[PDB]
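Peer 1: Sharing a structure with you now.
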Amino acid sequence: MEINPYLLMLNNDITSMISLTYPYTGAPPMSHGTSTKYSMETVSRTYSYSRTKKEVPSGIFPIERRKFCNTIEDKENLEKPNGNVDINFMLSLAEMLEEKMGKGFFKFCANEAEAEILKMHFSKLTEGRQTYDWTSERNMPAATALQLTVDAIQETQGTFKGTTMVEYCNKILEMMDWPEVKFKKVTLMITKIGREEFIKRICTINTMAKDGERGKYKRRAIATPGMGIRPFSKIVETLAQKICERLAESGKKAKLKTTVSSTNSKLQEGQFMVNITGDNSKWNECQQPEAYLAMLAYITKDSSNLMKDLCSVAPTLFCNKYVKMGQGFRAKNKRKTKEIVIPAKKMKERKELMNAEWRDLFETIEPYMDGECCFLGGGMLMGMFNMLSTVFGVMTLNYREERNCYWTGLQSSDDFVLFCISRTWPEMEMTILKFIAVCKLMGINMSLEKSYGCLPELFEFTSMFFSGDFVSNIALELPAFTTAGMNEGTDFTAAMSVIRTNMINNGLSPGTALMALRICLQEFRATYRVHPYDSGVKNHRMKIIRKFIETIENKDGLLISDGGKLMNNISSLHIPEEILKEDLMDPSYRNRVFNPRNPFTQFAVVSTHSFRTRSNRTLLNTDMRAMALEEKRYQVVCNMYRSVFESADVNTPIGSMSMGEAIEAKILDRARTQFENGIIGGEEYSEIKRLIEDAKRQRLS
Amino acid sequence: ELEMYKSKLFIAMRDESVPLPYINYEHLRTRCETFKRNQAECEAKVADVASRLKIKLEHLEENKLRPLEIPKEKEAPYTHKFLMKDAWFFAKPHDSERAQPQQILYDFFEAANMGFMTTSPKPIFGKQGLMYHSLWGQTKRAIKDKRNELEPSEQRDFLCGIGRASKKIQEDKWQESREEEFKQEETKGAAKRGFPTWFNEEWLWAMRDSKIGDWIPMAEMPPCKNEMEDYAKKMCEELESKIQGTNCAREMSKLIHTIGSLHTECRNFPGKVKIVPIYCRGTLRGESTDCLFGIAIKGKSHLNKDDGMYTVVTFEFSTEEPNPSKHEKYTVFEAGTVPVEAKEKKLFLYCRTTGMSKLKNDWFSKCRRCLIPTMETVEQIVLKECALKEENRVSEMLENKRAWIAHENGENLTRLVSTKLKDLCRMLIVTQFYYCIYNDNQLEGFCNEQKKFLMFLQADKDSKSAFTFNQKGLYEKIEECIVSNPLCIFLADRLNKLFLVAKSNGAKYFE
Amino acid sequence: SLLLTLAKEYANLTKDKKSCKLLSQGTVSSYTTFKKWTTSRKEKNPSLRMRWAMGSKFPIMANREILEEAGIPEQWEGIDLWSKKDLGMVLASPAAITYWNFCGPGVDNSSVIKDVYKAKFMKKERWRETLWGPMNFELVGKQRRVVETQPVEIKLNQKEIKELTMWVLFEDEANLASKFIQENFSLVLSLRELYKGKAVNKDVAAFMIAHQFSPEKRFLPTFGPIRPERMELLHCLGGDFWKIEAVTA
RNA sequence: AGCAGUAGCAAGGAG
RNA sequence: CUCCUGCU
């Protein structure tokens with residue numbers, strides 16, 4: 001007898017039998033080895049989509065520049081994707097865009113944007129992902145690379161007194177005007193670097209492999225920028241963020257109901273609607289930032305004078321960015337015994353030891369190679385402008401050709417749903433080929449392999465498959481239920497918070513919540529080696545619980561991490577376990593657990609089990625021990641400044657003078673205020689005064 | 001306040017990266033400030049329409065939904081790390097103090113007599129027979145001396161490879177030679193295999209009840225109010241009372257205990273080879289017992305990154321005749337006789353080398369989280385049914401409702417087996433566990449494209465006249481990612497049989 | 001006499017050579033980016049290393065003097081509790097945690113901890129005194145709103161709360177004097193009568209103020225009445241295909 | 001050998 | 001010959 005699960009779909013919908021077709025219970029795919037061929041595929045395919053050969057020589061950079069606007073070599077194979085944008089066409093779509101809603105639209109949204117730019121402190125830069133530190137040429141978190149950048153500022157010339165966004169940006173351009181910049185290398189020597197190398201290094205973007213992505217056979221390369229490119233991109237993403245928040249054809253469940261319900265009221269006696277789910281392919285290789293420069297020169301053709309000059313720098317830095325080339329490749333003999341490693345530096349000299357595919361990719365990228373990097377001039381990689389291409393999507397979806405056959409829909413990052421209204425099917429060929437025409441002109445390439453349509457709502461948007469009446473829900477990530485691993489107290493309630501927030505937003509029917517609740521209980525007990533008292537587990541932690549259980553009067557007041565059973569349920573996922581067990585505890589047990597005088601807690605739930613495990617042991621055995629000396633000195637100085645200001649973790653400590661002078665001013669302030677209403681003693685005031693004066697003479701020296 | 005720091009090099013930079021019909025940024029800004037559109041836009045639009053050559057493809061006239069190309073080549077072998085269907089286990093009553101896995105290994109060394117475990121040095125088939133023979137004798141006397149540390153001999157130095165890696169020489173010294181040590185690089189891709197025929201028997205075996213009862217160590221039930229907790233508790237009791245009996249639960253507990261023990265031994269002892277049992281724990285006639293399926297040997301893992309691919313050696317206990325088609329990577333030896341009272345049938349020792357990884361542990365060791373999509377699916381079925389009837393019909397709906405599965409082998413046209421809904425959740429936990437085993441790239445891309453074809457079948461079910469623009473590259477992308485994973489090829493075959501069953505009523509397909 | 005100790009610490013930390021290039025060179029805001037120096041990359045599997053930690057025998061760093069003041073070296077059958085490997089900080093096992101939790105001294109701190117978490121005890125007090133009814137099994141759904149979800153009685157807007165704790169706990173470098181003070185300064189006159197003499201540290205007090213005064217407004221799918229009494233029970237009252245509410249009072 | 005899947009691991013580094 | 005690791 002044969003067997004087939006998909007027969008469940010013979011008398012059901014795809015709103016119920018679609019969680020059957022997500023393989024989220026298994027391991028995600030990982031990358032291996034170098035990430036060189038993916039980067040060469042991205043850049044080589046980007047120049048292969050250029051549709052031109054017109055090169056312009058450069059005087060700043062020693063390599064040629066190929067332009068990407070208005071120089072088209074129209075091959076007959078137009079079904080292949082193009083990377084050329086016509087600027088009068090898209091500016092015509094912008095002038096057509098603002099004439100639909102309001103008159104003073106871009107001035108309004110841009111004035112609100114600048115109203116949020118000037119009131120921004122640059123610690124917002126430290127709330128980001130990993131970036132590329134150019135001092136040691138590595139990947140570091142944001143506060144580390146910003147601290148090394150400001151360290152290069154205050155080491156090179158003068159000090160930094162900005163404490164804003166705009167003065168930091170002007171400090172970046174001031175670094176661009178400098179003829180020589182000194183920084184520190186590794187055991188901390190101090191070196192210098194010239195002017196052109198600083199220009200080549202501020203425009204350096206690191207490439208790597210996207211690890212753990214569900215939905216592709218071939219792996220894809222993601223790129224991370226440095227530090228000096230991030231805040232201008234933050235400015236542009238706030239501007240286009242306000243624009244996308246103001247628009248009404250962008251994204252998620254109500255707007256499709258309003259546009260389907262509204263566009264069903266715009267039908268005549270012979271017209272009808274056909275929707276098409278598409279998927280714009282090669283989206284990261286067909287968005288050139290020059291059109292971002294022209295259109296942001298429209299939205300800042302009418303803003304002001306400062307915002308006009310500040311919103312036109314990050315598209316230039318995307319116009320002449322570099323690309324890191326991974327770390328090379330490996331070679332081996334016929335016996336497969338010795339395997340030499342060739343990095344990205346010596347790839348030019350050892351060109352003749354590669355494969356056929358590698359030489360095909362490498363000889364079409366040779367006239368753009370630097371020593372360690374490559375020169376890309378039209379690409380928009382991952383980890384870049386996301387809320388700005390959506391504006392181009394709405395511009396394609398608000399076209400007016402003048403019948404009464406037209407289209408509308410909804411746009412996402414690279415996912416769109418399109419609705420057409422027409423009378424006959426050859427007219428549908430006319431209108432859809434007009435849509436492929438306007439998207440093909442503007443630089444948006446729809447894939448033909450991954451598109452379809454029907455008459456009613458049976459479409460696909462951001463993995464939500466909308467049928468004619470019902471709504472499919474998003475298949476969530478299963479490992480997100482258990483991600484804490486930090487405490488015996490801040491893991492179970494964190495899991496109940498994840499079940500709660502996945503219950504409110506998604507559907508998440510209650511028996512799944514009880515089942516995953518009991519399963520996360522089971523992995524909690526299995527992780528922290530704690531079992532209930534009536535179980536037959538005999539390890540080094542259940543013997544003590546087994547021997548002393550006679551002292552406990554009421555048995556169900558023990559905590560789960562101490563050998564108690566479960567009392568939380570679905571209707572109490574918002575309340576931690578500790579309070580619902582604090583209404584039943586024994587007085588020796590309640591007075592015994594909740595002592596703050598314990599060797600574990602001294603040296604959001606109730607922290608009575610919070611202990612700190614030992615760290616790793618490559619923290620004092622690698623060559624970067626001086627960095628651990630830096631984190632120890634930083635923890636000492638931060639404990640000093642925290643020791644003076646008794647309440648400093650509540651408000652952000654703004655100020656631009658110095659830290660130690662504010663410390664001495666504060667100890668003199670509380671010395672005088674606590675003097676005259678307080679202390680009063682000559683040895684204490686003159687002795688503390690003597691330590692302040694001697695410490696100020698010591699600090700000045 | 002309103003002045004940006006006008007530098008010297010950047011004003012030469014922004015003037016360089018303008019479009020081609022412009023000279024400076026100033027001329028570009030003065031044209032963009034005074035831009036008015038025209039109606040020659042439609043001439044460029046229609047001029048883009050004329051040189052297109054693109055037509056849509058309907059389905060009512062040209063229903064070219066052809067079935068997929070299964071590779072008609074050599075049959076794909078059995079590639080799971082353990083044995084599911086062909087297992088044999090020795091039992092004992094479980095002792096509470098003797099609970100650690102080496103204690104279980106020793107107590108099953110006295111319980112199952114390994115003194116009668118005599119193997120010939122000649123296998124039935126395989127590749128290397130002497131190495132596994134001296135390895136089994138060496139680990140058998142090693143468990144006889146009750147210490148789990150394999151002393152270094154040439155057999156373990158050959159199997160779990162010590163020194164089997166290339167000499168990674170950096171490009172600081174290279175000492176080149178005239179036409180000697182000619183080095184380069186080379187990649188191939190993947191090898192292509194064919195349709196497995198044994199997967200139906202392990203499917204039907206894996207969803208059949210096994211007399212040992214519960215297998216998965218679940219937890220206790222929380223107290224219930226007068227709320228809907230009676231409903232969710234009732235569904236947990238019925239569904240959990242169904243999934244605890246099948247062999248899928250035995251495989252899940254096998255992966256949890258076995259890969260848990262190899263996981264903690266990969267943490268506690270790097271650089272030392274251990275001897276780890278392969279076992280379970282389940283209740284028999286009320287008395288909690290434990291099993292013993294096989295013997296595993298670790299390969300001195302120094303897990304630097306999430307990969308690392310340490311060597312696992314599996315000695316296995318089977319009671320069936322081997323197969324040079326299915327059991328192809330194995331090195332089938334033998335054991336002797338086992339008394340099985342229903343007479344004293346044969347007992348075969350199997351051997352296999354394989355590998356695990358550090359990322360391929362935590363998704364196996366925490367594979368208990370498969371009761372979420374099954375209960376989500378059955379719960380959406382029942383809640384959509386009572387949502388469309390608007391009456392509390394749950395406990396009687398779980399018995400008087402059919403589910404069409406498992407068409408026969410000789411004929412397929414509308415010849416289905418309608419089963420009860422708890423057998424449906426049996427098949428759902430089977431297919432979710434098979435998803436948790438065989439996850440590779442090919443399954444992911446094939447799940448994407450079968451979401452597309454499922455959208456086409458739903459487009460067939462209500463007569464909506466779906467359409468596509470280019471079908472050639474579609475079947476080029478589907479047939480690219482169906483190479484050697486047996487679950488993907490099997491689901492492709494069952495997708496083709498889905499089209500053959502659905503072709504009997506709707507008209508969008510082929511024969 | 002604490003200013004003398006802070007002067008000893010300040011002279012001791014200005015005594016260092018290369019730390020003179022650390023302070024009086026940066027800014028007051030740089031303390032924030034002096035706080036974050038976590039050179040670990042992502043800690044992308046914390047539960048994995050937590051299971052690796054709890055599987056060892058001595059994973060925990062704990063204080064010496066309290067556990068050598070009250071503890072016992074080994075339990076009654078082979079259970080290790082102590083190490084002598086390394087400041088004076090001693091590595092131990094999780095058996096010492098539960099051993100403190102069953103065979104340790106106790107300090108009466110019930111009323112203080114029952115006064116820290118008054119919002120969550122208010123949640124349990126409102127939860128225990130509710131009543132339910134039957135289910136309905138019907139379709140339901142309505143759009144997403146921005147709802148304040150806590151039964152507070154002050155209803156500040158996440159801006160007068162930080163300013164409030166500045167003008168309650170530490171007023172010496174609190175804030176520039178605004179127009180939002182006066183009635184909240186009568187509230188300063190009420191609130192300084194509460195947090196004046198306590199054994200609770202200032203960080204925990206600044207934690208517990210911000211949970212009795214803040215109506216937490218989030219963007220959630222809501223339906224029915226939008227009373228904040230039934231908004232923390234939003235995940236319990238109704239799902240997608242079912243609905244239950246029979247509360248009389 | 002094997003794990004693999006478009007290139008890596010099957011230990012490495014220093015004194 | 002020894003030391004060190006366990007995301008660098």
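We label chains A, B, ... in the order they appear in the structure tokens, count residues from 1 in each chain, and number ligands from 1 in the order shown.
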Pull out every residue of chain C that has at least one atom within 12 Å of chain E, counting only C-alpha atoms (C1' of nucleotides), and report them as a ChimeraX atom specification.

Peer 2: /C:39-46,49,52

Peer 1: Please identify which residues in stretch 460-692 of chain A DSSP calls strand (DSSP E) from the backbone, and express them as a PyMOL selection string.

Peer 2: chain A and resi 460-461+464-466+612-613

Peer 1: Using only C-alpha atoms, I'd like every residue of chain C that has an atom within 10 Å of chain B; please write them out as a PDB file with N, CA and C atoms, in the first residue's frame.

Peer 2:
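The result, written out as result_19.pdb:
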ATOM      1  N   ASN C  45      24.471  30.849  20.670  1.00  0.00           N
ATOM      2  CA  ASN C  45      23.924  29.654  21.313  1.00  0.00           C
ATOM      3  C   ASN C  45      24.200  29.732  22.806  1.00  0.00           C
ATOM      4  N   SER C  47      22.095  28.799  25.356  1.00  0.00           N
ATOM      5  CA  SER C  47      21.593  27.597  26.009  1.00  0.00           C
ATOM      6  C   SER C  47      22.520  26.408  25.816  1.00  0.00           C
ATOM      7  N   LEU C  48      23.268  26.385  24.714  1.00  0.00           N
ATOM      8  CA  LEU C  48      24.220  25.311  24.466  1.00  0.00           C
ATOM      9  C   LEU C  48      25.372  25.358  25.459  1.00  0.00           C
ATOM     10  N   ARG C  49      25.943  26.546  25.665  1.00  0.00           N
ATOM     11  CA  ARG C  49      27.002  26.700  26.653  1.00  0.00           C
ATOM     12  C   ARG C  49      26.464  26.677  28.072  1.00  0.00           C
ATOM     13  N   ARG C  51      24.043  24.450  28.960  1.00  0.00           N
ATOM     14  CA  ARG C  51      24.016  23.008  29.179  1.00  0.00           C
ATOM     15  C   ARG C  51      25.428  22.452  29.315  1.00  0.00           C
ATOM     16  N   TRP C  52      26.382  23.026  28.577  1.00  0.00           N
ATOM     17  CA  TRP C  52      27.781  22.657  28.759  1.00  0.00           C
ATOM     18  C   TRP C  52      28.314  23.093  30.117  1.00  0.00           C
ATOM     19  N   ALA C  53      27.783  24.182  30.672  1.00  0.00           N
ATOM     20  CA  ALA C  53      28.247  24.643  31.974  1.00  0.00           C
ATOM     21  C   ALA C  53      27.676  23.786  33.094  1.00  0.00           C
ATOM     22  N   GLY C  55      26.632  20.819  32.987  1.00  0.00           N
ATOM     23  CA  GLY C  55      27.099  19.447  32.929  1.00  0.00           C
ATOM     24  C   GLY C  55      28.440  19.212  33.590  1.00  0.00           C
ATOM     25  N   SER C  56      29.218  20.269  33.818  1.00  0.00           N
ATOM     26  CA  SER C  56      30.487  20.147  34.519  1.00  0.00           C
ATOM     27  C   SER C  56      30.247  20.047  36.023  1.00  0.00           C
ATOM     28  N   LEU C 131     -14.096  35.702  37.161  1.00  0.00           N
ATOM     29  CA  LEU C 131     -14.968  34.565  36.903  1.00  0.00           C
ATOM     30  C   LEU C 131     -15.179  34.406  35.404  1.00  0.00           C
ATOM     31  N   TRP C 132     -15.410  33.168  34.982  1.00  0.00           N
ATOM     32  CA  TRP C 132     -15.469  32.820  33.573  1.00  0.00           C
ATOM     33  C   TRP C 132     -16.834  32.241  33.207  1.00  0.00           C
ATOM     34  N   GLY C 133     -16.953  31.781  31.962  1.00  0.00           N
ATOM     35  CA  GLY C 133     -18.174  31.188  31.473  1.00  0.00           C
ATOM     36  C   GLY C 133     -17.930  30.168  30.379  1.00  0.00           C
ATOM     37  N   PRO C 134     -18.905  29.986  29.495  1.00  0.00           N
ATOM     38  CA  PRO C 134     -18.749  29.026  28.400  1.00  0.00           C
ATOM     39  C   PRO C 134     -18.003  29.646  27.226  1.00  0.00           C
ATOM     40  N   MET C 135     -17.734  28.808  26.230  1.00  0.00           N
ATOM     41  CA  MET C 135     -17.106  29.262  25.001  1.00  0.00           C
ATOM     42  C   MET C 135     -18.185  29.564  23.965  1.00  0.00           C
ATOM     43  N   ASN C 136     -17.773  30.046  22.795  1.00  0.00           N
ATOM     44  CA  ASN C 136     -18.764  30.431  21.796  1.00  0.00           C
ATOM     45  C   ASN C 136     -18.518  29.792  20.434  1.00  0.00           C
ATOM     46  N   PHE C 137     -17.245  29.629  20.056  1.00  0.00           N
ATOM     47  CA  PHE C 137     -16.810  29.035  18.783  1.00  0.00           C
ATOM     48  C   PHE C 137     -17.393  29.783  17.579  1.00  0.00           C
ATOM     49  N   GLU C 138     -16.995  31.047  17.467  1.00  0.00           N
ATOM     50  CA  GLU C 138     -17.405  31.874  16.345  1.00  0.00           C
ATOM     51  C   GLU C 138     -16.198  32.621  15.799  1.00  0.00           C
ATOM     52  N   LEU C 139     -16.365  33.175  14.603  1.00  0.00           N
ATOM     53  CA  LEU C 139     -15.304  33.953  13.984  1.00  0.00           C
ATOM     54  C   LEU C 139     -15.205  35.324  14.634  1.00  0.00           C
ATOM     55  N   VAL C 140     -13.977  35.831  14.746  1.00  0.00           N
ATOM     56  CA  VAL C 140     -13.713  37.097  15.416  1.00  0.00           C
ATOM     57  C   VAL C 140     -12.452  37.697  14.804  1.00  0.00           C
ATOM     58  N   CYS C 236      -5.959  35.463  26.580  1.00  0.00           N
ATOM     59  CA  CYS C 236      -6.825  34.460  27.180  1.00  0.00           C
ATOM     60  C   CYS C 236      -8.273  34.589  26.723  1.00  0.00           C
ATOM     61  N   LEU C 237      -8.725  35.806  26.414  1.00  0.00           N
ATOM     62  CA  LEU C 237     -10.153  36.027  26.212  1.00  0.00           C
ATOM     63  C   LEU C 237     -10.624  35.482  24.868  1.00  0.00           C
ATOM     64  N   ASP C 240      -8.657  33.145  17.416  1.00  0.00           N
ATOM     65  CA  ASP C 240      -9.147  33.421  16.075  1.00  0.00           C
ATOM     66  C   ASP C 240     -10.477  32.757  15.768  1.00  0.00           C
ATOM     67  N   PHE C 241     -10.701  31.544  16.266  1.00  0.00           N
ATOM     68  CA  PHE C 241     -11.894  30.771  15.952  1.00  0.00           C
ATOM     69  C   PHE C 241     -12.767  30.532  17.177  1.00  0.00           C
ATOM     70  N   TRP C 242     -12.502  31.227  18.280  1.00  0.00           N
ATOM     71  CA  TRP C 242     -13.166  30.952  19.546  1.00  0.00           C
ATOM     72  C   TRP C 242     -13.131  32.209  20.401  1.00  0.00           C
ATOM     73  N   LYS C 243     -14.058  32.283  21.351  1.00  0.00           N
ATOM     74  CA  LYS C 243     -14.203  33.477  22.170  1.00  0.00           C
ATOM     75  C   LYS C 243     -14.916  33.103  23.459  1.00  0.00           C
ATOM     76  N   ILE C 244     -14.465  33.688  24.569  1.00  0.00           N
ATOM     77  CA  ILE C 244     -15.041  33.433  25.886  1.00  0.00           C
ATOM     78  C   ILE C 244     -14.996  34.711  26.718  1.00  0.00           C
TER      79      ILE C 244
END

Peer 1: For chain B, report every residue with an atom at most 10 Å from chain D (counting only C-alpha atoms (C1' of nucleotides)), formatted as a compact mmCIF listing (two decimals) with N, CA and C atoms, in the first residue's frame.

Peer 2:
# COMPACT_ATOMS: atom_id res chain seq x y z
N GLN B 128 35.90 -3.33 4.33
CA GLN B 128 37.02 -3.60 5.23
C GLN B 128 36.50 -4.45 6.38
N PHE B 158 43.29 3.99 12.14
CA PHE B 158 42.84 4.00 10.76
C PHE B 158 41.38 4.43 10.62
N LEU B 159 40.50 4.00 11.52
CA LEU B 159 39.08 4.26 11.31
C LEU B 159 38.70 5.68 11.75
N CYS B 160 38.81 5.98 13.03
CA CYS B 160 38.66 7.37 13.45
C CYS B 160 39.99 8.06 13.16
N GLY B 161 40.00 8.85 12.08
CA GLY B 161 41.24 9.24 11.43
C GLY B 161 42.09 10.17 12.27
N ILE B 162 43.30 9.73 12.61
CA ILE B 162 44.26 10.54 13.34
C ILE B 162 45.42 10.83 12.40
N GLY B 163 45.62 12.11 12.09
CA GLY B 163 46.60 12.50 11.11
C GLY B 163 46.11 12.53 9.68
N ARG B 164 44.81 12.33 9.45
CA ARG B 164 44.27 12.32 8.09
C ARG B 164 43.69 13.71 7.79
N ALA B 165 44.60 14.64 7.50
CA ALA B 165 44.24 15.97 7.02
C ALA B 165 45.44 16.53 6.28
N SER B 166 45.17 17.51 5.43
CA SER B 166 46.22 18.11 4.62
C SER B 166 47.11 19.02 5.46
N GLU B 186 40.20 21.91 -7.41
CA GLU B 186 39.18 21.23 -8.20
C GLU B 186 37.95 20.97 -7.34
N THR B 187 36.78 21.29 -7.89
CA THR B 187 35.51 20.95 -7.27
C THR B 187 34.65 20.17 -8.26
N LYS B 188 33.70 19.41 -7.73
CA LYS B 188 32.84 18.57 -8.57
C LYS B 188 31.37 18.96 -8.47
N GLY B 189 30.81 19.03 -7.25
CA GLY B 189 29.39 19.17 -7.06
C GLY B 189 28.83 18.01 -6.25
N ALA B 190 27.74 17.43 -6.74
CA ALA B 190 27.06 16.34 -6.06
C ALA B 190 26.85 15.17 -7.02
N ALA B 191 26.71 13.98 -6.45
CA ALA B 191 26.37 12.80 -7.22
C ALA B 191 24.86 12.59 -7.24
N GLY B 271 39.65 14.99 22.63
CA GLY B 271 40.93 14.33 22.48
C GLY B 271 41.03 12.94 23.05
N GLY B 299 35.14 10.15 18.11
CA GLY B 299 36.32 10.33 17.29
C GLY B 299 37.20 11.52 17.63
N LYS B 300 37.38 11.77 18.93
CA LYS B 300 38.25 12.81 19.53
C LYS B 300 37.99 14.20 18.91
N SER B 301 36.76 14.65 19.14
CA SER B 301 36.30 15.92 18.59
C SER B 301 37.00 17.09 19.25
N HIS B 302 37.66 17.92 18.44
CA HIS B 302 38.07 19.25 18.85
C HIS B 302 37.23 20.22 18.03
N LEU B 303 36.05 20.53 18.54
CA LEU B 303 35.03 21.29 17.82
C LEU B 303 35.36 22.77 17.93
N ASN B 304 36.11 23.28 16.95
CA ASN B 304 36.51 24.69 16.98
C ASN B 304 35.35 25.61 16.63
N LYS B 305 34.79 25.45 15.43
CA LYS B 305 33.58 26.15 15.01
C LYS B 305 32.39 25.21 15.14
N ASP B 307 30.98 23.54 12.87
CA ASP B 307 31.26 22.33 12.11
C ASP B 307 32.38 21.55 12.82
N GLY B 308 32.98 20.59 12.14
CA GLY B 308 34.10 19.87 12.71
C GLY B 308 34.11 18.39 12.38
N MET B 309 32.92 17.79 12.24
CA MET B 309 32.71 16.50 11.59
C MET B 309 33.52 15.36 12.23
N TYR B 310 33.23 15.12 13.50
CA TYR B 310 33.93 14.06 14.22
C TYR B 310 33.39 12.69 13.80
N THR B 311 34.18 11.66 14.08
CA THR B 311 33.92 10.31 13.57
C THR B 311 33.12 9.51 14.58
N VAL B 312 32.00 8.95 14.14
CA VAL B 312 31.16 8.07 14.95
C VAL B 312 31.17 6.69 14.32
N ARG B 352 28.96 0.32 10.76
CA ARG B 352 28.94 1.50 9.90
C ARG B 352 29.81 2.59 10.52
N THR B 353 30.63 3.24 9.70
CA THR B 353 31.23 4.52 10.08
C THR B 353 30.38 5.67 9.53
N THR B 354 30.34 6.76 10.29
CA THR B 354 29.55 7.94 9.95
C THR B 354 30.13 9.13 10.70
N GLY B 355 29.48 10.28 10.58
CA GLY B 355 29.96 11.49 11.22
C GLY B 355 28.82 12.36 11.70
N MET B 356 29.06 13.05 12.80
CA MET B 356 28.12 14.03 13.34
C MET B 356 28.82 15.38 13.40
N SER B 357 28.09 16.41 13.80
CA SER B 357 28.68 17.74 13.91
C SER B 357 28.01 18.50 15.05
N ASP B 440 18.25 19.08 4.31
CA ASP B 440 19.35 19.61 3.52
C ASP B 440 18.83 20.77 2.69
N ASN B 441 19.66 21.26 1.77
CA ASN B 441 19.30 22.38 0.91
C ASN B 441 18.16 22.00 -0.03

Peer 1: So that I can check the surroundings of stretch 183-185 of chain A, please list as a ChimeraX atom specification every protein, DNA and RNA residue that reaches within 10 Å of it, counting only C-alpha atoms (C1' of nucleotides) and ignoring chain neighbours fewer than 2 positions away.

Peer 2: /A:135-136,148-149,151-156,181,187-193

Peer 1: Take the residues that were just selected and, keeping C-alpha atoms, output them as an mmCIF file, in the first residue's frame.

Peer 2:
data_model
loop_
_atom_site.group_PDB
_atom_site.id
_atom_site.type_symbol
_atom_site.label_atom_id
_atom_site.label_comp_id
_atom_site.auth_asym_id
_atom_site.auth_seq_id
_atom_site.Cartn_x
_atom_site.Cartn_y
_atom_site.Cartn_z
ATOM 1 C CA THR A 135 41.604 49.869 12.476
ATOM 2 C CA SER A 136 42.368 46.149 12.770
ATOM 3 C CA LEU A 148 38.243 53.038 18.055
ATOM 4 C CA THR A 149 37.159 55.641 15.486
ATOM 5 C CA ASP A 151 40.072 57.091 19.546
ATOM 6 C CA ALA A 152 41.652 57.763 16.150
ATOM 7 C CA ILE A 153 40.044 61.227 16.174
ATOM 8 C CA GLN A 154 41.384 62.218 19.588
ATOM 9 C CA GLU A 155 44.715 60.539 18.851
ATOM 10 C CA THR A 156 45.269 62.206 15.470
ATOM 11 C CA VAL A 181 45.862 60.128 10.268
ATOM 12 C CA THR A 187 51.482 45.372 22.618
ATOM 13 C CA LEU A 188 49.862 48.609 21.385
ATOM 14 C CA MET A 189 52.103 50.525 19.008
ATOM 15 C CA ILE A 190 51.017 53.683 17.177
ATOM 16 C CA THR A 191 51.280 53.985 13.391
ATOM 17 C CA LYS A 192 50.340 56.572 10.783
ATOM 18 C CA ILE A 193 48.526 56.402 7.454
#

Peer 1: I'd like the neighbourhood of residue B:248 as an MDAnalysis selection string, where a residue qualifies if any of its atoms comes within 12 Å (using only C-alpha atoms (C1' of nucleotides)), though same-chain residues fewer than 5 positions away should be ignored.

Peer 2: chainID B and resid 84:85 202:210 214:216 242:243 253:255 367:368 370:371 426:434 436:437

Peer 1: For chain B, which residue among A:534, A:683, A:302, A:693 is the nearest when counting only C-alpha atoms?

Peer 2: A:302

Peer 1: What are the residues of chain B lining chain A at 6 Å or less? Count only C-alpha atoms, and put the answer as a ChimeraX atom specification.

Peer 2: /B:2-3,5,19,33,37,48-49,166-170,181-185,219,222,232,363,372,376,405-409,435-436,439,441,444-445,464,466-470,473-474,494

Peer 1: With 6 Å as the limit and counting only C-alpha atoms, what residues in chain C lie close to chain A? Please list them as a PyMOL selection string.

Peer 2: chain C and resi 4+11+24+26-29+33+46-47+50-51+59-63+66+95+101+106-108+235-236

Peer 1: Identify which of the residues A:224, A:260, A:73, A:138 lies closest to chain E, counting only C-alpha atoms (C1' of nucleotides) when measuring atom-to-atom distances.

Peer 2: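 Nearest to chain E: A:138.
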